[PDB]
Amino acid sequence: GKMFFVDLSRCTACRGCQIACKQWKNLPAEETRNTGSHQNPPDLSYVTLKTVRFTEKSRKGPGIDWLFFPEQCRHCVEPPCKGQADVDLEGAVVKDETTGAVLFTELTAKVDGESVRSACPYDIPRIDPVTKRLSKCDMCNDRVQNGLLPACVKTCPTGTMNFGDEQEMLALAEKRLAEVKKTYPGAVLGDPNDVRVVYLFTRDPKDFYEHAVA
Amino acid sequence: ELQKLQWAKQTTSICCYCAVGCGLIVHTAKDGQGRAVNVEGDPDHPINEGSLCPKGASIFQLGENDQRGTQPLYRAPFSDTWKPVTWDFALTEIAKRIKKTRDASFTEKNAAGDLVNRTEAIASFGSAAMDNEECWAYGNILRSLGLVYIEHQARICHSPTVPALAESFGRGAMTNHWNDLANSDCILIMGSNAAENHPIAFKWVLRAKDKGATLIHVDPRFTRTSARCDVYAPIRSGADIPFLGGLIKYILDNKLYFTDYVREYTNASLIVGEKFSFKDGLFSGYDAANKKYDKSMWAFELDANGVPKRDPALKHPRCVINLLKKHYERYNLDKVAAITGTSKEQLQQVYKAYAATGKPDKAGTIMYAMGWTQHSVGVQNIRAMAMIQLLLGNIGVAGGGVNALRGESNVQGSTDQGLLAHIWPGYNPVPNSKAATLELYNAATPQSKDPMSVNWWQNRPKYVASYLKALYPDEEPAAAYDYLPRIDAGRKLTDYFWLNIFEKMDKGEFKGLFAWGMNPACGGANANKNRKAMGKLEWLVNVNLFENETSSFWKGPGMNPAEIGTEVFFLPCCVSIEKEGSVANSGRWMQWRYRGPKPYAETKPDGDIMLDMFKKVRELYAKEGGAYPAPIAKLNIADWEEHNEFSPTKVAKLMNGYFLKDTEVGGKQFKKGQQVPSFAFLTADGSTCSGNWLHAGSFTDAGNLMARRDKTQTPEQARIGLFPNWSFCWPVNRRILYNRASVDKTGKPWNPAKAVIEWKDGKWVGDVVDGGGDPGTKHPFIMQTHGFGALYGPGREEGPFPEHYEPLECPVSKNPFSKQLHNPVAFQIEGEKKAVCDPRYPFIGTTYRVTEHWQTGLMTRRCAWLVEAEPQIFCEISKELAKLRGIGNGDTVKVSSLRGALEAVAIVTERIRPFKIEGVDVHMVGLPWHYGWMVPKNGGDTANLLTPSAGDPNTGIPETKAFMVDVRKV
Ligand SMILES: Nc1nc2c(c(=O)[nH]1)N[C@H]1C(S)=C(S)[C@@H](COP(=O)(O)OP(=O)(O)OC[C@H]3O[C@@H](n4cnc5c(=O)[nH]c(N)nc54)[C@H](O)[C@@H]3O)O[C@H]1N2
Ligand SMILES: Nc1nc2c(c(=O)[nH]1)N[C@H]1C(S)=C(S)[C@@H](COP(=O)(O)OP(=O)(O)OC[C@H]3O[C@@H](n4cnc5c(=O)[nH]c(N)nc54)[C@H](O)[C@@H]3O)O[C@H]1N2
Ligand code: SF4
Ligand code: SF4
Ligand code: SF4
Ligand code: SF4
Ligand SMILES: [S]
Ligand SMILES: [W+6]
């Protein structure tokens, strides 16, 4: 299968990835307002498959730790969302056995969406309140199948977003972690044996987002 | 295949936003409407490698936008609605308004009786967003009409950079390029938010860190840049010179300077004359009456040949290096800490990390932009860092240099084409009234009797002659010289610049304004004046993508359309991806881009709009005569046109230039019609034309070098990533300027592992050598008269050394360095008030950008995905100031200055802290200037309602980065 390695030690929160997702899929924009944060949209939704979360952590000296988290479906190796959807109707949630992509179909309309969202340890699924379809990042399975990078991976200027075969991405993740620790001694990989989107966090993953790891 | 791209043609383009110059791939629906279906990165482009920030990644939404202008619109005087009209009506009537205004206002001779052949009744603004060929054509169209009031983005952006670096090194441009950042050992980002405003640049910043580089951010705010840096230090807005003056003192005390570089390649050794002095914030030769200095008092001591004397032992007390040591003695860490708000520990940490690059085989670079330029001391801010870089020997080396990060996609280009009041294309000055002949014009260029000084500007007569041949090929240069308008020698240059154009407009002195690809209603400092002043225009021509705050200033806030006489023409233009041409990026890479989609609706490329407009004016003069027609009638526009329309290729070939006759030059022989292979082969006798001598070498007999997509490199080139076969850069493809300073007197790199050039056998390998000659035979700064990096620079309006002056609105009442609080020659408009320690406006005000929006947001406020991320004007304040004023995070606040007020959403953040200035906490208020009243709903208006119409006495840049404000909860 395929894997993302997301090295957040290089993230500038440019939100290139957030826009590139919407441009590639031609997704609509949400109605947003500033409530005292750069973060927007404030959450994933049925029309937002990726948003960059902003968190300010206090640091004694002049500056802070500003933690950036471009959130997406982890495309779990053994996905609980599928386990839960398959009790109501197989085919609502399927696995691409070549890429590893976990894919919601239009049949998610005819399953307990509430229950499927609850099954996700990363709180990823979002429901269309009209159609009751579940939507999330689809790994740009489209592009990967046609030998292209996912839109958010290609657009990323910093080397945060990396993508390829699971063996080369796991090897990259271990080599990068050792280098990153010289600058960020508390750096860790997010649930690396269970998911296909392996985030490198510079510190406590829960400071990035409460569901950053299981 | 992928359904979305299955029936679309692929074309390459270059991003229409920042001066990084990222490559695009455009997918266009094969037939029918012929619209773009997809825009994303070019994976083969050597700068971005397929990556795009959110502005670039959303170009599809900009291009295929249902709010874009469709056809010309006309607003009759006193009317409250637009009327759709034909291009025929629009261009015909504008041509009549130009002719009518030109005929009534045209001046052959000024009051002094000197020939000036100009109209002072029409001004033009824009644009760095046009192609290089359009910028060049536009300037020459305006100048053939006799305009002198010609300005664009550069005035209010990097205008201070040009004289700051020209004084220091000989040229005004970014010294290195984006890819080169990866070679640096220490990256200082200061007066810059590069992770937000040049995002793809951070690819190369982080690759430098991968190889052991220290990343330093110095900024009043903790930003998305600060988040990735090793060292963050706060600095108070307007306190840059103390910080930099402190580093000079630190370098000199601790002997961290590159001794051999300083001795051989800087003016350290030059003997300053006896008339130079400084005491209590004032240099010698101060004339208080006229608010200017007698710069003659700063002259060097010359030998009998007129060559400045040099003490190679650096012992003479009037040696530049000894006067330098004496000047910055006052900038001790305690005084610098007290005035900056930066702790002595933080200053020392930055100083030690950066000044470590004084070692020959270590390179330090500065990345700076508007945080340094947009001040009353903008030029001196940059001078101080230029001087630091010369002391450490960081100029001319890979991973070194002064990286002045240019703003718009083609602001480098638009400045190169002379869309500023003081310069023709290629930085040949606009003649003044006393330059009565081409001979006298050419007499002004200083000569050097030093056999090691190249003094390349001595070739100017070839460039001016070749420029006049490009415009007027049937006239002798000395005759065509009389066709072009001249400015008054008697006046300060700032009389002809942006802020004084708006002051004159406010007093009714302008009939006509071209707002051509600019939004001065939002982008100009003190915006309320600009909005009122445009009310005093008889006619306004706005050329842009969308209806906007400038096009529709007459139906703006507190305006009565019924009472506003201004006739307005809105002409809708094509987006970047709908046209062909070149754009020059920050590293001077002139990159060719192609048409993907057809023009939207009835929109036109600027090239076609300006050419058909000029043709109508020309045909009106051919029919009914009028004022001095020769410059209009005789202009060579045949070379601009192919198949009845603007020809970027033909214009680009004229800007490069060609032989008007069989010619022998530099030992070689050329047939009439051949392209000029470089500016080395231009002549002063009329044999050659060249629209811009910098472009000579860009489009030769070999083809369009700007269109080269060749990433192959020699091993030497590949070690530092010159990519010399990717597009073309002026001058003659020298990718790192001043690169003779990167080697010793035998031609051996200071840092062989990162060699820019090297002498091998009997030739320079690597980059193109910046100045011909064997090793050790030439001073390395060939565009300088004397040939040296200028530590002491006596050409600058407020002195040959940077000196701390407070912003014109400042939070302190006493300068700790002198008894001069403000720049003693600052550009100010008499009667305009400033809040100097005014209790009504106790907070520092500054303006800046976010990643997701562009300029006034005219473009990005129309793009739903960018609005999504940043929907509303905000106000960033500390928790300390939030508590003082009882403001909660997310509350509506009112920010006010002497000049206006607006409402914004409070962002209360630990990313801002108080500045402890002389032991007292000073609070700041930060605002994005990206918002305007037209769109979106609840977006807010421009931060420029608050900014002052005062600033730098060298370039007249407004002080939009340091003023004084109040903030109240609403
Ligand atoms: N996202 C985005 N990118 C852009 C643009 C845009 O609108 N949006 N516009 C482009 C253009 S035209 C330009 S010229 C460039 C400009 O790019 P920048 O110069 O990076 O732009 P700013 O954000 O205006 O200013 C940079 C930083 O200066 C800091 N600052 C404020 N006052 C001072 C001061 O007195 N001293 C110092 N040292 N720092 C200070 C601010 O806090 C800010 O973080 O960006 C270009 N790229
Ligand atoms: N307070 C404050 N004020 C500032 C600044 C600041 O930092 N603070 N920054 C200053 C700087 S660095 C700059 S450069 C100025 C910019 O000030 P302006 O140039 O007035 O800004 P915009 O009009 O928003 O941006 C350029 C325009 O180019 C247009 N455009 C795009 N493509 C084309 C094209 O093909 N043809 C034509 N004709 N137009 C086109 C866009 O639609 C847009 O309207 O603002 C300055 N003002
Ligand atoms: S594009 Fe890359 S650097 Fe920018 S926010 Fe997304 S992951 Fe971070
Ligand atoms: S992250 Fe959640 S939605 Fe995505 S595959 Fe795993 S369980 Fe399913
Ligand atoms: S992989 Fe594709 S669908 Fe998932 S976040 Fe990235 S661009 Fe969006
Ligand atoms: S705005 Fe600048 S960094 Fe972003 S894609 Fe365009 S050129 Fe590249
Ligand atoms: S700019
Ligand atoms: W700019």
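Proteins get letters first, then strands, A, B, ... in listed order; numbering begins at 1 in each. Just the heavy atoms: all of them, side chains too, but no hydrogens, waters or symmetry mates, feed the values below. Each ligand, and each atom within it, is numbered from 1 in the order the structure gives.
For the residue pair A:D96 and A:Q145, a side-chain donor N or O sits within less than 3.5 Å of a side-chain acceptor on the partner. For B:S124 and B:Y138, the side-chain atoms include at least one donor-acceptor pair closer than 3.5 Å. Side chains of A:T98 and A:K2: no donor on one and acceptor on the other come within 3.5 Å.
Note on B:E868 versus A:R15: no salt bridge recorded, every NZ/NE/NH1/NH2 to OD/OE distance being 4.0 Å or above.
Ring geometry, A:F54 versus A:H38: the interplanar angle falls from 30° to 60°, so the pair is classed tilted.
Listed by chain and number, the protein atoms of type N/O/S under 2.8 Å from atom 2 (Fe) of ligand 5 are A:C140 SG; waters are omitted.
Of all protein atoms, those that are N, O or S and lie under 2.8 Å from atom 8 (Fe) of ligand 3 total 1.
The two residues B:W204 and B:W178 have their closest heavy-atom pair at CB-O, 3.5 Å.
Checking A:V102, A:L103, A:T48, A:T108 one by one against A:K136, the side chain to side chain contact (heavy atoms under 4.5 Å, CB included) holds for a single residue, A:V102.
Taking the centre of each ring, B:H158 and B:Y368 come in below the 6.0 Å mark.
Within the cation-pi definition used here (under 6.0 Å to the ring centroid, within 45° of the axis), A:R53 does not qualify as a partner of A:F69.
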